[PDB]
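# Commentary on secondary and tertiary structure
One-letter residues, chain by chain:
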Amino acid sequence: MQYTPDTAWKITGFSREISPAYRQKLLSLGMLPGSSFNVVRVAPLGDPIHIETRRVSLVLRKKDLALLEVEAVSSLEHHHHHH
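Residues numbered from 1 in each chain as written, not as in the entry; some residues may be left out. Heavy atoms only, no water.

### With respect to the layout of surface pockets
- Size it by volume and the largest pocket reaches roughly 470 Å³.
- Surrounding the largest pocket, 23 residues form its lining, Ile 11, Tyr 22, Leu 26, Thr 53 and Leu 58 being those nearest its centre.
- Listing elements by their share of the lining of the largest pocket, those giving two or more residues are β1 (8-13), α1 (20-28), β4 (57-60) and β5 (69-72).
- Its residues assigned to classes, the lining of the largest pocket comprises 16 nonpolar, four polar and three charged. (1 Å grid on protein atoms, 1.4 Å probe; cavity = no way out; pocket = protein on both sides within 12 Å on 5 of 7 lines; lining within 4 Å. Points joined across faces, edges and corners; volume = space filled by probe spheres on them. Helix = DSSP H or I, 4+ residues; strand = E, 2+ residues; numbered from the N terminus. Nonpolar A, V, L, I, M, F, W, Y, C, P; charged D, E, K, R; others polar.)

Following this line, the structure appears as structure tokens:
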């Protein structure tokens, strides 16, 4: 139950073992870590991990997810604009 259809994963950064292709993609986009993303769905049949982010959609293999540094979020904090 490591991967679920609804999970808020925090993005900390890519691992060293990470491939040059994926790593380069981070360099190409100025949207580097520092936020969280939700999983669109998880295929137990044996398909890669499909994830969606308000920024863009992307799919990575299970191994790729393990390599990427991620952390679960449960802080649950909100600020009031006024009053």
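### Focus on the sheet that holds β5
- Taken in spatial order, the five strands line up as β4-β3-β2-β1-β5 in an open sheet, and their pairing is antiparallel. Both edges of this open sheet fall to β4 and β5, since each of them pairs with a single strand only. Here the average twist between neighbouring strands, direction ignored, is 40°.
- In this structure, strand β3 (residues 49-52) lies alongside β4, joined through four bridges in antiparallel fashion. From the neighbouring strand, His 50 faces β4, where its bridge partner is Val 59. (Pairing = 2+ DSSP bridges. Axes fitted to C-alpha atoms, helices over the stretch in contact; angles between N-to-C directions.)

### Digging into the packing of aromatic side chains
- A complete count under the given rule lists two aromatic pairs for this structure.
- Aromatic side chains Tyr 3 and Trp 9 sit 5.2 Å apart centroid to centroid with 45° between the ring planes, which places their arrangement in the tilted category. The pair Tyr 3 / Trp 9 is uniform in exposure class, with both members buried.
- In this structure an aromatic cluster arises from ring pairing among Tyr 3, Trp 9 and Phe 37. (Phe/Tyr/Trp six-rings, centres within 6.5 Å; stacked < 30°, edge-to-face > 60°. Buried < 20%, exposed > 50% of the residue type's maximum accessible area, 1.4 Å probe, protein only.)

Note that all results are geometric; they support no functional claim without further evidence.
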